[PDB]
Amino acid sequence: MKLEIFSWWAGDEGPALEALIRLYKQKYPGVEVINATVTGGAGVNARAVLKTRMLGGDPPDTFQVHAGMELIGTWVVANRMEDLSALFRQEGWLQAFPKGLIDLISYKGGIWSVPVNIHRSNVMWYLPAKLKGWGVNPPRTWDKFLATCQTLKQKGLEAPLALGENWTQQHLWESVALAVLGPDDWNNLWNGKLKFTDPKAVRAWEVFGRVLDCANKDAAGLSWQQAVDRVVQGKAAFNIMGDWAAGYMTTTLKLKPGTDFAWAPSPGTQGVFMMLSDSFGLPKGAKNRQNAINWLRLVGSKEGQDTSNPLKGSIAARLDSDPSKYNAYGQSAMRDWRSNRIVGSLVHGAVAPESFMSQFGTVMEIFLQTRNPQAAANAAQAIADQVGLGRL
């Protein structure tokens, strides 16, 4: 009796998953659970290893996968995933999750994964005590951000923005783009109505370039946790990162939300929640099909999601989640989830296929070397053209 769970929740990202695994082992003491993590922020490495396994005919029993185009445009269109519609009916999930989320996991009459959470991409983290020590406010626009960072450089803070490795630069970029375009034109990139070479979209890269000039010069070789650490250490003022950062700061670092650190929407994005969702499906050919199905039932449940997510920093996908189980960050994100305009993340798989996502890092590499907005814009457009962005 075995169950192999594939994810990128390694190291200090593992607490929430480990909690779910203990829960599963209580309910199913016969099953030896293989925690098959591929170490690497945002699943860049996991994606590559999964590809080797899936194409090799050796699927895991289930794998972490983002709801939306990431899920659909890779293993679903390849006809390698089981349709979960029957299970959704059995569990009452169609009424348990918001319709917008159901839509992301639905394609050609089937439902293809089970959401465990909602993360938000567009969060700016800072230490409200360090900001007072520097006598600045948390910036609500990119102009105020750029002006505040200049003040901080003047006051001796060399790199007021914390930044890490390539994907985290893309992560920053999607917040900047959302701010510059607004939610509708952000959405228009992904349906192909707005070209990346439109002056409106080129400007995303202009604003992004200036933001990049407030960042640490050693960013390329740092993990997302190391970039958060810079803020906690006061070697930076700000970091734009998903709310797994809140999980890191509370679960791992034992910091108190609101007093030891605070949060705001990414500058220029207040009122918009850029979402993503970690989900699990059922691969065809899974060696342990029933055990995996039982894992899906747990991750789709209120008991599972309200055990795991408070540790993670994400909120539950389930509408019936109990807010009393969440700290001050969790409860804030819960509120914004219900009230804000919702758009999806690029970097975390909601809005574009892996064909595009995987090549966006190359685009970002070339912006880092050229710092030419038009070149980057042109590169994103060529990629979109080559993959047929919008066809799914």
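Counting begins at 1, following the sequence as shown.
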Q: Averaging the C-alpha B factors as listed in the entry, name the stretch that ends up higher: 44 to 52 or 28 to 36.
A: 28 to 36
Q: Higher average CA B factor in the deposited record is what I'm after, so tell me if that's 193 to 201 or 242 to 250.
A: 193 to 201
Q) Per the entry, which of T141, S121, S223, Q170 tops the list for Cα B factor? A) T141
Q. What's the residue among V228, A286, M274, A317 with the greatest CA temperature factor in the PDB record?
A. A286
**Q.** Ranked against its chain, the third holding the CA B-factor of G300
**A.** middle
Q | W134, C-alpha B-factor rank within chain (lowest, middle or highest third) | A | highest
(Q) Lowest, middle or highest third: which one holds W337 when the chain's residues are ordered by CA B-factor from the entry? (A) middle
Q: Give the position of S345 by CA B-factor within its chain, expressed as the lowest, middle or highest third.
A: lowest
Q | Ranked against its chain, the third holding the CA B-factor of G109 | A | highest
